[PDB]
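This report concerns only the one structure given below.
Just so you know, all these numbers are worked out from the coordinates, no wet-lab data involved. Heads up, the Cβs are rebuilt from the backbone with ideal geometry, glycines too, and the neighbour counts pull from every protein chain shown.
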């Protein structure tokens, strides 16, 4: 049939939000 | 002459609240 | 790759909650018991064991229901006041827990279990069947 | 000297003649069906096989009844409709002479058997049980 | 198949003295068990024309793909695979003791948190009578542990060198990336909407040398599947088979939320 | 004909029941035809904790400060007094936090593992765990039980004594053992008592 | 009809207590009373 390869170009970027432990709030 | 050895089917969750020493408030 | 584990160890309905069924064990040499609950129990339940002989009218149908006598092992601490074999399921058996049992002394050709009187309402929520082991023919 | 084969090959009620019952197999690795006739039938009786999955509400309660598919093999040249796993006990079947079977490919958590459309009235006089083997848990 | 010692019932209690006789205690069990293996095979077809007059080789690429896919699929099934036609994954049986942490409220919102209190409590809540038992988790959650801060602002681990470098392993920590890494990427520890997720697996800690086993019988085999080849195609066939199973899910504990 | 061997299995089970029953009796034995358990002896110096308050709702609580006070409050002239407690208590202690966020013990090591021999502390996982099992009953609210055995400490070389007379003996019961049956019998000889319940403290809630 | 063959062997998964015996005083009486 037709393998139909694409290879997009735009490549538009990523947005990892690199979160990290918040401040220690008392339990209860 | 019962001799009724037995077992159940699949067991069930084990979620024990992992409570932990809270913040030291103040004796006073 | 489950083998056809029905051609040997064939199971048969013994007590479907409200009806017993005599089962022939002559073709076999060993047979156990399998108990199951379908709902929550209220009190402990009791069952009496019966056996049947070839009826004189037909050599391949069960006869009457003769009570099975209990045979004591060693280290026995209690014997039924009648001396007849019987079983009982204790209270607090959740209906997801199979139960096993076996009488070590057989007699007759057919076996049967019946809910002992007074403990038959809960028997509705109880199912009993039996498998075998031998070929012998 | 019949060993207690309740444990080590237990069994359960699969089809009493009035309604089906899910029988868990996940705790085991081998299993099979044993059929038995309370009397002679009128025509060939066919049965559909179903398997289930643990309900999202609880991992130990029967969910929907998924239709297990038929799986052929080397000498299977009679592929039926939509490749569903279904069996059929023929006529000329008597009591005191049982039949057995099992599904070659397993999937799901517990199995169930239902009277395929057209055999219900006749299936009302058949008893189906399941025997397991190789429990690992 | 193999035996499984269930328990050792009580035999002798502490008796009185007006008894020349004695007392019978009930015995335990031997609880025999069985188990099986599982298969893994497949095929592919090439076009002899494409294969021969090509830019370069494709076959060895496919063989390496076979080996790597086999290894990674075996590992992932060993982790999470179901019992149906596969070895049962120890993570899915839900009979290992799995705990979860209370959600710290944030002025009105009880919110998921892998508070260092919970981790230190878990690692020290394990019967040492079972011997040592190693823990496993994802690298992302480990780095999350390394980044925990106090109410002041100081680091909670290695304050003053900007790198925690905690000398792992030497204390029970074996980092893998096959685990479901409760930090989605590195975006799940968000006290705000980014909260780590209702009931998500965090880490594990077990004595694996007796908690789980893997049985190995058949290595990889590759045959030229004659009968599918048509002098215009070629079809190879391969296979390998093995299995795995939990030993006893009481030699290891699991974390969740 | 058995596939397994019941004999050695029964022997091991009997020795195990011997050991575990001896320990459980020596600890909580109810006097009659058995050594009186020094836990139930109930003359041993004991001290409760303080009704710590939070949200103007007092709750039984317990701090490392109270623990150190209980440890150092011993009459040292009595001699060295080993302390004992469940492992879950050790977990509770190694997981104490200040008002800032720092660990009260081993700050910045992910654990707290000293050698519990110079620390004069020992663990028995069946010593009644003060926590209702680990964690579940632990602290704060809906947890942390009340008037419960937290820990013990004593000069056990003079606080409690154990007497040993005869080890385990096993023999085939000749009487009653026919050619169709067979029966075995066994026994031992042990006991214990409390020396003087003035050599050790108890920490309770 | 096939024969499953033996393997594994000795999953036990059973625990005990500690040993709070050496701390107590040891006495070895020969008779039954003291």
For residue C:73, inter-copy label distances in nm, listed shortest first [label point 7 Å out on the Cα-Cβ vector] = 4.0
Enter the Cα centre distance for the pair region E:86-144 and chain B, rounded to the nearest angstrom.
-> 15 Å
Taking the label point 7 Å from Cα in the Cβ direction, how far apart in nm is residue C:18 from each other copy of itself, listed shortest first?
-> 0.4
Put a label point 7 Å from Cα along the Cβ direction on residue D:60, then list its distances to the equivalent points in the other copies in nm, shortest first.
-> 4.5
Per 10 angstrom bin, beginning at 0 and ending with the bin that holds the maximum distance, the Cα pairs of chain F fall in percents of 7, 26, 28, 18, 12, 7, 2, 0
Equivalent-ellipsoid semi-axes (√(5λ), Cα gyration tensor) for the protein assembly as shown, whole Å, largest first?
-> 52, 45, 24
What is the Cα convex hull volume of region C:10-137 when expressed per residue in Å³?
-> 125 Å³
State the residue of chain C whose Cβ is nearest the axis carrying C onto D, and the distance in whole angstrom.
-> C:11, 2
Percent antiparallel among DSSP beta bridges (both partners in chain F, rounded to 5) = 80 percent
When Rg is the radius of gyration of the Cα atoms in region E:197-257 and Rh is its Kirkwood radius, what does Rg/Rh come to?
-> 1.34
Can you give the average number of partner chain beta-carbon atoms within 10 Å of each beta-carbon in peptide E:34-40, as a whole number?
-> 4
By what distance, in whole Å, do the Cα atoms of region E:179-227 stretch along each of the three principal axes, largest value first?
-> 60, 36, 15
Separation between Cα centres of region F:166-205 and region C:18-92, rounded to whole Å | 40 Å
Taking the radius of gyration and the Kirkwood hydrodynamic radius from Cα positions alone, what is the Rg/Rh ratio for region E:105-153, to two decimal places?
-> 1.06
For region D:1-58, alpha-carbon Rg and Dmax in angstrom | 15.2, 46
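Cut-off is 10 Å between beta-carbons; in what order do D:24, E:49, E:209 appear when sorted fewest neighbours first?
Details: D:24 21, E:49 10, E:209 13.
By the 10 Å Cβ count, ascending, the order reads E:49, E:209, D:24.
Place the peptides F:24-33, F:79-88, E:157-166 in order of packing, highest mean first, counting for every residue the other Cβ atoms within 10 Å and averaging per peptide.
On the way: F:24-33: 15.2, F:79-88: 18.9, E:157-166: 11.8.
Put in order of decreasing packing, that is F:79-88, F:24-33, E:157-166.
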Taking a label point 7 Å from the Cα of residue E:232 along the Cα→Cβ vector, which residues of region E:50-79 have an amide N closer than 20 Å to it?
-> E:50-54
In a solvent-free Debye calculation with one equal scatterer on each Cα, what is log10 I(q)/I(0) for region E:129-188 at q = 0.13, 0.17, 0.24 Å⁻¹, listed in the order of the q values?
-> -0.43, -0.69, -1.05
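Other chains' Cβ within 10 Å of F:46-52 residues: what's the mean?
On the way: counts 0, 0, 0, 1, 1, 1, 5.
What the average comes to for F:46-52 is 1.
If you average 1/r over every pair of different alpha-carbon atoms in region F:61-112 and take one over that average, what Kirkwood value in Å do you get? Intermediate values should be presented prior to the final figure.
On the way: mean 1/r = 0.0787 Å⁻¹.
Averaging 1/r across every pair of different Cα atoms and inverting gives 12.7 Å.
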How big is region E:131-238 in terms of Cα radius of gyration and Dmax, in angstroms?
-> 22.8, 76
Test item: E:237-243 mean partner chain Cβ contacts at 10 Å = 0
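For the peptides E:109-119, D:42-52, C:56-66, G:17-27, what is the packing order when you average, over each peptide's residues, the other Cβ atoms within 10 Å and list the highest mean first?
Numbers: E:109-119: 20.5, D:42-52: 18.1, C:56-66: 12.4, G:17-27: 14.8.
Listed from highest to lowest mean packing, they are E:109-119, D:42-52, G:17-27, C:56-66.
With each run of n ≥ 4 DSSP H residues scored as -39500 (n - 2.57), what mean residue ellipticity at 222 nm is computed for chain D after dividing by its residue count and rounding to the nearest 500 deg cm²/dmol? Could the numbers behind the result be given before it?
On the way: 1 runs with 4 residues, N = 137.
One gets -500 deg cm²/dmol as the mean residue ellipticity at 222 nm.
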